[PDB]
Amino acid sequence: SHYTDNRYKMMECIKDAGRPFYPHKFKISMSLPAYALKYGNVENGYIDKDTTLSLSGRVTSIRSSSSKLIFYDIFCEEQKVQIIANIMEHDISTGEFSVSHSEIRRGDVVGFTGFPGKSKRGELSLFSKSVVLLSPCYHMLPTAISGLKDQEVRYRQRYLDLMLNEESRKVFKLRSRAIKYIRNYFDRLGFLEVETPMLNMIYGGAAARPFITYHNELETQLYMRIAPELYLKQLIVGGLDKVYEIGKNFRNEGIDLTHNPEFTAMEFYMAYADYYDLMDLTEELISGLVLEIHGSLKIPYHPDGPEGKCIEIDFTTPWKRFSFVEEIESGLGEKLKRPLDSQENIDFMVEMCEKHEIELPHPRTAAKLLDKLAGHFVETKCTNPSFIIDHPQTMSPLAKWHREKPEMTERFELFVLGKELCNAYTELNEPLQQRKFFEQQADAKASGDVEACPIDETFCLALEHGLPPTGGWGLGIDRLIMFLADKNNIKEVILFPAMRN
């Protein structure tokens, strides 16, 4: 803290002496990338004293070869430029040379004015006549993220990570590029991007515990959305035909290294599509995105970090399909009992979970037990992108009954390395069944399933106005970034992730 208090003392001295104190505006002549572009191929030793330029960035290096010569590195917009400050060139009307430069520290934001060219040793340089302190750094910075107190500083103080660590800047640029690619894919198909409410008197459309809030003037409990699905289907009733939404969902659950209370999701709804159409689209969209980002469909992934084992993920299309129940039964060496939601089958699934050392869910609903079995026996087969298809109705209250398989729905999930990326189905559009599945959901919630949702009467009424046959789909954008950028925890792909206090 001595360095910080000393810096406040310096700045007070600068202000009281009438020297530059946080200048409002510094007019650069060009960006540092442009400067490297215009001068990065001059002859060694070239200097143009007929051109005075102004540059600015953050100081990353200060070296004094002598009391008369000082070398700076400044960094801005991914470009480093060296500043050579020779006392012979200094503008005395800005102060004596030693005074001007004694106010500068590594980490400061500074401006320089001078002549362009390259040093005799060949370094792109500005031969400076002056230096302005634009915004001082009051703390001693490390030279790299290795010198941070610990690597959680990167998440709690993300500006330090971005300032010092090119890899972190790269991730969030890639994140923006990937989302651009996705919007363009759907815009070219004639989709309409929409926004639906994040605050509602009800929640639904996913299996998640919601955040609860309160509107004081309405005196009403509200929920933050867990998914936009039910609103988006109303827009298809309304005739908009192809809609998508990219935004935050909120889940009130565990904050570990791979779960964040808010996450970025996309959904789209396409009238007259079924889940087979959506499989084809998923493959085209995601393989095209991987090809765009990586230049091939085979990309590395390091589950235990960059010095650990590497798995090469192959996105070559088409992808493997695993049928939900059949693959469980192949793993068990026994068939599930029918109906899948009978007490007989619930008891059987409990027994199978205990036999295979699968953690039991609470409460022990057929749907939650089926999910545990799928997690053990099927998700574990999904190394390369793989579709798990035809989920039981009992775990898929909004998915339409399978046109051929009793008790199943026209649903798929996309898994990569055993992690869920997409969830999609032929949409249930028959209001009697929809109401019945909502009632079974509400019973699960009353029995202690914090992930079951209440009945939504406004959605049932919308279905009574005629939802066309429709296919809908969701994508977890954060998990997708994790694979594309090869990061093994979600805190790497979210600028300001939640952290335990």
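One rule holds for the numbers: they count along the sequence shown, beginning at 1. If you superpose the two forms and keep the largest set of C-alpha atoms that fall within 1.5 Å, you have the rigid core.
Core-fitted comparison in 6 other deposited structures of this protein, 65-73 vs 465-473, farther C-alphas: The more displaced stretch in 6 other deposited structures of this protein turns out to be 65-73.
Greater root mean square CA deviation, 426-434 compared with 350-358 in 6 other deposited structures of this protein, core aligned: Of the two stretches, the larger average C-alpha offset in 6 other deposited structures of this protein falls on 350-358.
Mean C-alpha temperature factor, higher of 2-10 and 490-498: Averaging CA B-factors over each stretch, the winner is 2-10.
Residue range whose averaged C-alpha B-factor is higher in the record, 357-365 or 427-435: Comparing 427-435 with 357-365, the higher mean C-alpha B-factor belongs to 357-365.
Maximum C-alpha temperature factor, selected from 152, 284, 347, 274: If I rank 152, 284, 347, 274 by C-alpha B-factor, first place goes to 152.
Selection by C-alpha B-factor (highest) of 126, 224, 137, 162: Highest C-alpha B-factor among the listed residues goes to 126.
Assigned third (lowest, middle, highest) for the C-alpha B factor of residue 58: Middle third of the chain for residue 58's C-alpha B-factor.
Modelled-residue ranking by C-alpha temperature factor, third containing residue 19: It belongs to the highest third of the chain when residues are ordered by C-alpha B-factor.
Lowest, middle or highest third - CA B-factor, residue 473: As the PDB entry reports it, the C-alpha B-factor of residue 473 lands in the lowest third of its chain.
Chain-wide C-alpha B factor ranking for residue 244, given as lowest, middle or highest third: Lowest third, going by the recorded CA B-factors of the chain.
Lowest, middle or highest third - CA B-factor, residue 193: Its C-alpha B-factor belongs to the lowest third of this chain's values.
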